[PDB]
Amino acid sequence: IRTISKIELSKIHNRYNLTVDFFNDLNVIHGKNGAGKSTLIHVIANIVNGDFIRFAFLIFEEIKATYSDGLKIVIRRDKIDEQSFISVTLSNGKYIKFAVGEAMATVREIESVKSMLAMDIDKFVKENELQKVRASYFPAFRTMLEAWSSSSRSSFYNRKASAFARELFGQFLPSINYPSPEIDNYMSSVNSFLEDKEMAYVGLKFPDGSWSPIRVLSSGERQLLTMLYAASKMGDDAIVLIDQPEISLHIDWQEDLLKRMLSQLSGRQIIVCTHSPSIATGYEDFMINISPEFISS
Amino acid sequence: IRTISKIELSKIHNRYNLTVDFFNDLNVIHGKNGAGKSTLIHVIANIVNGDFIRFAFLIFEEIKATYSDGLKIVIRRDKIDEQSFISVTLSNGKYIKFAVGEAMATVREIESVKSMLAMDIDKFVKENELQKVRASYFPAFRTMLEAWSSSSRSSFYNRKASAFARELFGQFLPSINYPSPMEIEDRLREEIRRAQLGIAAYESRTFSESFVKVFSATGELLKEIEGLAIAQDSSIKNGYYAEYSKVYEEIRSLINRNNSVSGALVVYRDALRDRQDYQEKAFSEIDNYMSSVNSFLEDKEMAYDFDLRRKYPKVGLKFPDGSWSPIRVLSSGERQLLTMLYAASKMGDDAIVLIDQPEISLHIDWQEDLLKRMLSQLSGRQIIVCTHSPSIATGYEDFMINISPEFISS
Amino acid sequence: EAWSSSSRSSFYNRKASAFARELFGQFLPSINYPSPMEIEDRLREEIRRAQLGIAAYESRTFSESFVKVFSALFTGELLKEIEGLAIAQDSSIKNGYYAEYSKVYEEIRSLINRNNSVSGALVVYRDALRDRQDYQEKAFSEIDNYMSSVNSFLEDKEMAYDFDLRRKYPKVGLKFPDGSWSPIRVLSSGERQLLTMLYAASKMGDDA
Amino acid sequence: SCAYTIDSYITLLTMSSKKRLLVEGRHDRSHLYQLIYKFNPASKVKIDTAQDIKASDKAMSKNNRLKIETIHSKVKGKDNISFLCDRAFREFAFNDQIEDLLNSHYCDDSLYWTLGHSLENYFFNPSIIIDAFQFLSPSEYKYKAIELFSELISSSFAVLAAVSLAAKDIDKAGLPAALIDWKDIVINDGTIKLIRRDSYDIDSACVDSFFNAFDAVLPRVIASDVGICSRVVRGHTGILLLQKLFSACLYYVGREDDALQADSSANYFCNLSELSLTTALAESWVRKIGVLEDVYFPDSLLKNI
Ligand SMILES: Nc1ncnc2c1ncn2[C@@H]1O[C@H](COP(=O)(O)OP(=O)(O)OP(=O)(O)O)[C@@H](O)[C@H]1O
Ligand SMILES: Nc1ncnc2c1ncn2[C@@H]1O[C@H](COP(=O)(O)OP(=O)(O)OP(=O)(O)O)[C@@H](O)[C@H]1O
């Protein structure tokens, strides 16, 4: 499957540069905050999903993305006399260049059916084979995000949720394709971390006899369920991108969780940026340091 | 002051019982998932803030709160003739009792204007002096909450954010009283104005008082006067007047070109030293806070900038390359560190710092230094932190309290 | 303004101009006249700027007076004139952060009276007091002129400013002869019209 | 509890760029923090404790040294971390006389051992014990009690070492802590003789074995050098034994003026917490560094970090 092998970051807001070569399956990321770990996750989840129009909102000069199969995507932002441009150049010779003001006009057309430039982006990802594999993006604040539609979204329909997330955290935020509330292996995978009951073969199996639904669980239990559901092959063919999997998590349940995720043998790339060292116990070979190099400006 | 000392819960959500005794300085709470630490934080916030009308959204039997000074508050939920009632009884014998349905009607009236029950609760907490100490509640989702506020909040006006948070996480959730980084910036600007006005008053006082030192009236003092003049000229606080070196050079030339003169020199040195000490005294809290903040920042420093023409001082990040950036260019973890260090600062109001998972989006190096920087400010507040990271709680293992919920069989 | 006070500035007046163009047709210009809240904020900012300028003048006069004293160092009428100047300095609202001039004058007079070179110090002290008093008039010239124009109309109250060392916020609002303080929103409609129409012709307002 | 495991801490070592130090207990962390902060009050060294690292194995759960050896073995060759353990009675010879086979701080790839039995053996310099007992005293007859204690301290170290060796022969290290009481001690002309009291709560077999071991080990300790002798005393045994020996000498030399006042002062000193004594000795030990040439400290460890 198509997995991203190298992200070249150059002049990212003209201050820091990064160059990270990625493993095929597991890519644990450690680094300081503000270095760009969540920025790298959003960059990958926008490129792999094919959302090239996000880079008009992102200040950079040139970004080169090379996948595992050798296909190169070079995205470069210029300034052609007060009207900046987004030039996405591939290694097959087909390149798309569009104005940043054109992208903001397209966004304003959507705000007030896709417009011309959104259909141009869909045409470019349609005629050049750039979205073989999707990207199930997991935000680090996903508990409040699934709380946002709790009192008022699906894995395919998240345009309201992604638009609200782009309102709160900037328009570079990708589409939120993580699931919200093989199969029996997933059931027993959940059953390792279950405490008051067990989940196997639509209803729970309490020892007191309750066939409770999916959504009665607590915050950490639902976080575990959402992180483990995409770990199976029951989820879509997507590079599972998880931002800080230890959010609302005990320090002891993080150990065998990645064992349960890798017990599915899904073969999709898993990239995690974590600060808790109990996430990667025995996963130190996949630990990648982020060291952004400051440049003079 | 008044600090909480003991909390005795009975039948919270009719499932678990808890009895935790607290310290007056630091309370590090650790436990498993679903123990009820967040529920304990919400209960403590509603107890300390005097917002007992939230307790109609809590299923309990009896809640006992014992402070350090001997104040004991007993909150009892009863169910008489299918009507649920909340009775809050104090240690002095004073008590109030109100209906749960009346509280829900008041909440629906607020949602769809001050009612009679809210004014009665305010009168009850006013005549009993139950709201002496506030409580700063830090949710685990506060980074998204502050991002929501800055993409569209003050302590006195947070009705929309509190309504949004109570809609998202239930009506038992208390008022959002933790300060926003925009509020931190505004408070910093106000404190800069206060320091500037105090410096102005001291300047007027020193201008008047210097003549009585003159009327009352060697090589080492010239060097000390030169060093003080260079230090004052190269200071941020003297950006409105930094012309002391020319004064020193003229003084030295007028001495060299041709008793009481030495007395005038030493009282001038004393006046300059007193001025420098008063400038350091006025900016001591802000400089200490910026020294605490800049210990974590690598490629930037949070600094204040004056201008001789622009009378509005600039607060933001200074880079080593000379760039100036606002506080909104900071990441999530730096913003969290800023809010937590301002929470432990003396500039903030007297409250009880209630934080659930302080280690959100923090590097593991910053978690080991956060509490050291928080306790070095000597604010004297009572801090209750619920964390799952041991790097937060290192070096303060004597105050670590474990929660063991007592399950009851029904 | 009654409609506005139930739901604005000279620069952010979009809603009121939109409502007025809705009522009276779209040819009506933007509503640029200053609200009394804008006047109050501008008065506070001008007072703060005047205080900072006073502090800079205090520092400069202190350094220059020390230099001139120390260089020139190596009568009965002067003490009375300095006494009158210190009394006038003590009896001003602008010195609310420091009102200890008479004590310093009494200390200097007691040191002098128990026993040439002192005459130069006395005359530069008188000049320093005169220069500080003149800079106090200059820095508060527009505010005092505007408040003197406004207070010539108001009958039972007067607009004035207040300083206090315990707080650090200069209080701007109405002052009554019985000592009470009220904000500028307790004015009637006509008095508010007087306030705005006199601020618009003042020097503190924008060039317009 | 809320603490890192061995693997989690090793991952933290991979993630953290700080200079780190691993010690056995929290008391060693507090003392070394004071020692580091004396030379550099703004130092950014982080000191970790193996006591606060969870272990899945039951035997390894309370064995701090085994945790340190496991961690040190798995990150063997790193530059940014140092380890500190307690030497205990290792590298000591008991061939009828106390012999120290190292006589220096042990070092093996950022793993260090205390020169004495433990870290508290550094407190056994006479000036430190004097200063600490003088500072923490009832302040009634302190000067004469200190003068007598200073006379007794030269020969008392042989008694303390004999007590520690008798404890380790029968593997009952904590036995003298509750068995021997200050009233049993008698103050002689520089020496002491803990009489075998007839009445004891513990069974007579243990008491008899303890005094037989003490009698059989005391002449061997006497023939040994005093300087080597002061390092083999067990740290926890030694703290309580010094507290009782000072309570006994204070009551012995203060009873003639007022028996009741001396008894009250002696009971007050005997009831003092171990943490207070260890902290006072640590502060005195920190203060005496650089003033006296006879006060030691892990100079190699401080130099390495
Ligand atoms: N448009 C922009 N211009 C300049 N700086 C920006 C811009 N957008 C974001 N930044 C800053 O650049 C950095 C991006 O790093 P980022 O926050 O993604 O790193 P991180 O390691 O994932 O941290 P965290 O855990 O705080 O999210 C942050 O400091 C952010 O404030
Ligand atoms: N009506 C209710 N409201 C809230 N919590 C409830 C309710 N009924 C039962 N509970 C239980 O009370 C607990 C409250 O969860 P809380 O957020 O306090 O957990 P915690 O101990 O902080 O840890 P974590 O978030 O890791 O689970 C949960 O176990 C939840 O299932």
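Everything in this summary refers to the structure shown in the same document.

Cut-offs and rules
- Residues numbered from 1 in each chain as written, not as in the entry; some residues may be left out.
- Chains lettered and ligands numbered in written order.
- Part of a larger assembly, values for the part shown.
- Heavy atoms only, no water.
- Helix = DSSP H or I, 4+ residues; strand = E, 2+ residues; numbered from the N terminus.
- Rg over C-alpha atoms; globule rule 2.2 N^0.38 Å.
- Buried < 20%, exposed > 50% of the residue type's maximum accessible area, 1.4 Å probe, protein only.
- Contact = heavy atoms within 4.5 Å.
- Buried area = accessible area lost by both parts, 1.4 Å probe.
- Salt bridge = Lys/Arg side-chain N within 4 Å of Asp/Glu carboxyl O.
- Axes fitted to C-alpha atoms, helices over the stretch in contact; angles between N-to-C directions.
- Left-handed = near helix turned anticlockwise from the far one by under 90°.
- Nonpolar A, V, L, I, M, F, W, Y, C, P; charged D, E, K, R; others polar.
- Near = heavy atom within 4 Å.
- Polar contact = N/O pair within 3.5 Å; in protein donor to acceptor, adjacent residues only side chain to side chain.
- Areas by Shrake-Rupley, 256 points an atom, 1.4 Å probe, with all protein chains shown as cover.
- Expected span 1.5 Å × (residues − 1).
- Pairing = 2+ DSSP bridges.

### As for the overall build of chain A
Consideration 1: Along the backbone of chain A there are eight helices and 12 strands.
Consideration 2: Here the C-alpha atoms of chain A give a radius of gyration of 20 Å, agreeing with the 19 Å that 2.2 N^0.38 yields for 297 residues.
Consideration 3: Across its three principal directions, the C-alpha atoms of chain A cover 70 × 45 × 30 Å.
Consideration 4: Classification of the 297 residues of chain A by burial places 55% in the buried group.

### Regarding unusual backbone geometry
Consideration 1: Even without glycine at this site, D81(A) takes up a positive phi of about 55°.
Consideration 2: Turning to its location among the elements, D81(A) is positioned in the loop between β5 (72-80) and β6 (83-90).
Consideration 3: Within the chain, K11(B) stands out as a residue other than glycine whose phi angle is a positive 60°.
Consideration 4: Looking at the element boundaries, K11(B) is found in strand β1 (residues 4-12).

### Digging into the interface of chain C and chain B
Consideration 1: Each partner contributes residues to the interface: chain C has 41 residues there, and chain B has 37 residues.
Consideration 2: Summed over both sides, the interface between chain C and chain B buries roughly 3800 Å², with carbon and sulfur atoms accounting for 74% of that surface.
Consideration 3: When the buried surface of chain C facing chain B is broken down by residue, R48(C), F62(C) and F66(C) rank first, second and third, together holding 19% of it.
Consideration 4: Scanning the region where chain C abuts chain B turns up zero salt bridges.

### Some points on the packing of helix α6 (residues 141-151) of chain C against helix α7 (residues 189-200) of chain C
Residues and elements named next belong to chain C.
Consideration 1: One can describe the packing of α6 onto α7 by two numbers: an axis separation of 10 Å at closest approach and a directional angle of 145°. Seen from above, α6 lies across α7 with right-handed handedness. Together, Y146, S149 and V150 of α6 and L195, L198 and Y199 of α7 make up the contact between the two elements.
Consideration 2: Broken down by class, the residue content of the contact of α6 with α7 amounts to five nonpolar, one polar and no charged.

### Considering the site of ligand 1
Consideration 1: If you check the shell around ligand 1, you find 17 residues, and the closest are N33(A), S38(A), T39(A), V329(B) and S332(B).
Consideration 2: In this structure, ligand 1 is bordered by residues of chains A and B.
Consideration 3: Within the contact set of ligand 1, an oxygen atom lies 3.4 Å away from a backbone nitrogen or oxygen of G333(B).
Consideration 4: Isolated, ligand 1 exposes 640 Å² of accessible area, and the fraction of that covered by the protein chains is 78%.
Consideration 5: Residue contributions to the shell around ligand 1 peak at three residues, all from helix α1 (residues 37-47) of chain A.
Consideration 6: Split by residue class, the shell around ligand 1 holds four nonpolar, 11 polar and two charged.

### What to know about the environment of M119(B)
Consideration 1: Its place among the elements puts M119(B) in helix α3 (residues 116-127).
Consideration 2: Along the sequence, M119(B) and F138(B) sit 19 residues apart, while their C-alpha atoms lie 27 Å from each other.

### Focus on the interface of chain A and chain B
Consideration 1: Each partner contributes to the interface: chain A provides 25 residues, whereas chain B provides 27 residues.
Consideration 2: Its largest share of buried area at the contact with chain B, chain A owes to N33(A), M144(A) and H250(A), together 27% of the area lost on that side.
Consideration 3: Between chain A and chain B we count one salt bridge in total.
Consideration 4: For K32(A), the salt bridge is made with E298(B), and the minimal N-O distance between the two is 3.8 Å.
Consideration 5: Here chain A and chain B share six residue pairs in polar contact between them.
Consideration 6: Per-class residue counts for the side of chain A that touches chain B are 14 nonpolar, nine polar and two charged.

### With respect to the pattern of salt bridges
Consideration 1: On inspection of all chains with the given rule, the structure shows 69 salt bridges over all chains.
Consideration 2: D350(B) is paired through a salt bridge with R381(B); the nearest N and O atoms lie 2.8 Å apart. Of this pair, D350(B) sits in the loop between α11 (332-343) and β12 (352-356) while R381(B) sits in the loop between α12 (364-375) and β13 (382-386); the two residues are 31 residues apart in sequence, bridging distant segments of the chain.
Consideration 3: Accessibility expressed as a relative area gives 49% for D350(B), which makes it partly exposed.
Consideration 4: With its nearest N and O atoms 3.3 Å apart, the salt bridge here joins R20(D) to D48(D). Taken together, the residues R20(D) in strand β2 (residues 20-23) and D48(D) in strand β3 (residues 46-49) connect sequence positions 28 residues apart.
Consideration 5: Using a relative accessible area of 2% as the deciding quantity, one classes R20(D) as buried.
Consideration 6: Three or more residues are tied together by salt bridges with common partners; here these are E368(B), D369(B), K372(B), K18(D), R20(D), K46(D) and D48(D).

### A word on helix α2 (residues 26-39) of chain D
Residues and elements named next belong to chain D.
Consideration 1: Here α2 contains 14 residues, and its C-alpha end-to-end distance of 20 Å stays within 8% of the 20 Å for a straight helix at 1.5 Å per residue.
Consideration 2: Here α2 has its buried residues at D28, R29, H31, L32, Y33, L35 and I36.
Consideration 3: In this structure, the buried side of α2 is in contact with β2, β3, β5 (81-85), α12 (274-288) and α13 (299-304).

### Things to note about the side chain of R2(B)
Residues and elements named next belong to chain B.
Consideration 1: Tracing the sequence through the fold places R2 in the segment before β1.
Consideration 2: We classify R2 as buried; its relative accessible area is 19%.
Consideration 3: A polar side-chain atom of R2 sits 2.7 Å from a polar atom in the side chain of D69.
Consideration 4: Within the structure, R2 has its side chain in polar contact with the backbone oxygen of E129 (distance 3.5 Å).
Consideration 5: Discounting residues that sit within four places of it in the chain, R2 has contacts with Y67, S68, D69, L71, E129, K132 and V133.

### Topic: the pairing of strand β10 (residues 314-318) of chain B
Residue and element names in this part refer to chain B.
Consideration 1: Here strand β9 (residues 301-305) runs beside β10; their pairing, made up of five bridges, is antiparallel. The partner of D305 across the bridge, within β10, is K314.
Consideration 2: As paired strands, β10 and strand β11 (residues 324-325) are joined by two bridges and run antiparallel to one another. The partner of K318 across the bridge, within β11, is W324.
Consideration 3: Remark: five residues form the turn of the hairpin made by β10 and β11, two consecutive strands paired antiparallel; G322 in that turn has positive phi of roughly 100°.

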